[PDB]
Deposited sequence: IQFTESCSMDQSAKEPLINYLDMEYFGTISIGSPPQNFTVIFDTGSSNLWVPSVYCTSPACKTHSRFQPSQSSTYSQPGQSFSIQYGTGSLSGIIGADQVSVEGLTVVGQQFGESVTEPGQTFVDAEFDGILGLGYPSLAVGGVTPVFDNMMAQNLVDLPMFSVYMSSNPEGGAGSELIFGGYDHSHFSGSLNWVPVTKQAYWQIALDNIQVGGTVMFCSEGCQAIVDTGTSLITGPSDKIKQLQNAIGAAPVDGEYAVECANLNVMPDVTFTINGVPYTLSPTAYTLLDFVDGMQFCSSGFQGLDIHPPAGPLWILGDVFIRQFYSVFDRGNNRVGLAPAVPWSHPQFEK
């Protein structure tokens, strides 16, 4: 199986440290999950050999709570034991933070993944084993001035891309922030009024649920609706992805997501990946009930709209990125 297949595509990465002395790891900040885990030095899979692996014995501040763990991202389980130690995230250091030390097969493709682990930023209800998420510890340990964090994902050249704990940077967005209430506290789940193409409602006419997920590269939705969306914008099937003729970019329709009565429009320039060819920034992904079905506003959306995640008021702030 490929437990992390949904994270193997274009992502943004950051660095964190665990233990004393610090052991560095490249991780993905994922608002679509809530656990922090990194490869264990005890993972002897060929796929783990190319990554930084946590070595408990080299850290004087490490301790074992006693519980083991197992997480699921929808395509296979990842298991190991839970550890506790100091975790540092540029400027801040959380003491006693618990995280997973994965041991089981992570998947052959993980061998070339550009990241080592994942740092979930979702709600604790999504955390497996009732392990307190990093951001919840930050709040509980009064490390942040405001109970929120925000993400800026740069489309060019992603040099200036940054994650901010404790607030947001108004230099990354124009106008005032539009707030959206979190409908279900697990993922950063919100409600869509409707989705329209070419200025005409075409999906979720009666509203549907979605989540703002930094861990998801594209904008996803029920596979069937996406197909309808693919040919509506002019995308065509290929080897396994949907391509679009770069030329007809200016003749393609706008895709608008109406959230809390506000229109969030994506021009074909915004929902098309230049990764010499042009492909679709939309993809099918069926989340099983009771959690799904869901639409996922991934990086493709966040690049167009600076996002603010506020645990203090349980809401999401959106505004045009700069």
Quiz item: Which runs of the deposited chain sequence never show up in the coordinates?
Solution: 1-13, 171-172, 291-295, 343-351
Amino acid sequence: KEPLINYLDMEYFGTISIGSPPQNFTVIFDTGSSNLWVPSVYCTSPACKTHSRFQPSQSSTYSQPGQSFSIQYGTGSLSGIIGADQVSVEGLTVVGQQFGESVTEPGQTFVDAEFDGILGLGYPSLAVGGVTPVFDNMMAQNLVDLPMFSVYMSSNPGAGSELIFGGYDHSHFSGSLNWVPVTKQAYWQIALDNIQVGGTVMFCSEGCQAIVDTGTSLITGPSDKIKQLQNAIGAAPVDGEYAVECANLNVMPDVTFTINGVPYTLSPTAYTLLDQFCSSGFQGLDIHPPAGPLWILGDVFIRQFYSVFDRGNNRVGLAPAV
From here on, numbers count along this sequence of modelled residues.
Self-check item: 22-30 or 62-70, whichever carries the higher mean Cα B-factor
Solution: 62-70
Quiz item: In the PDB record, does 171-179 or 214-222 carry the higher mean Cα temperature factor?
Solution: 171-179
Exercise. Select one of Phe110, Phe99, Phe149, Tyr242: the residue whose C-alpha shows the highest B-factor in the crystal structure entry.
Key: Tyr242
Exercise. Name the residue from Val238, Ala84, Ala140, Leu192 with the greatest C-alpha temperature factor listed in the entry.
Key: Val238
Exercise. Using the B-factor values recorded in the entry, state whether the Cα atom of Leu8 falls in the lowest, middle or highest third among the modelled residues of its chain.
Key: highest
Exercise. Taking the chain's C-alpha temperature factors as the reference, tell me which third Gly117 falls into: lowest, middle or highest.
Key: lowest
Practice problem: Quick one: classify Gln196 as lowest, middle or highest third of the chain based on its Cα B-factor. | Solution: highest
Quiz item: Split the chain's modelled residues into thirds by Cα B-factor; is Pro290 in the lowest, middle or highest one?
Solution: highest
Quiz prompt | Modelled-residue ranking by C-alpha temperature factor, third containing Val316 | solution = lowest
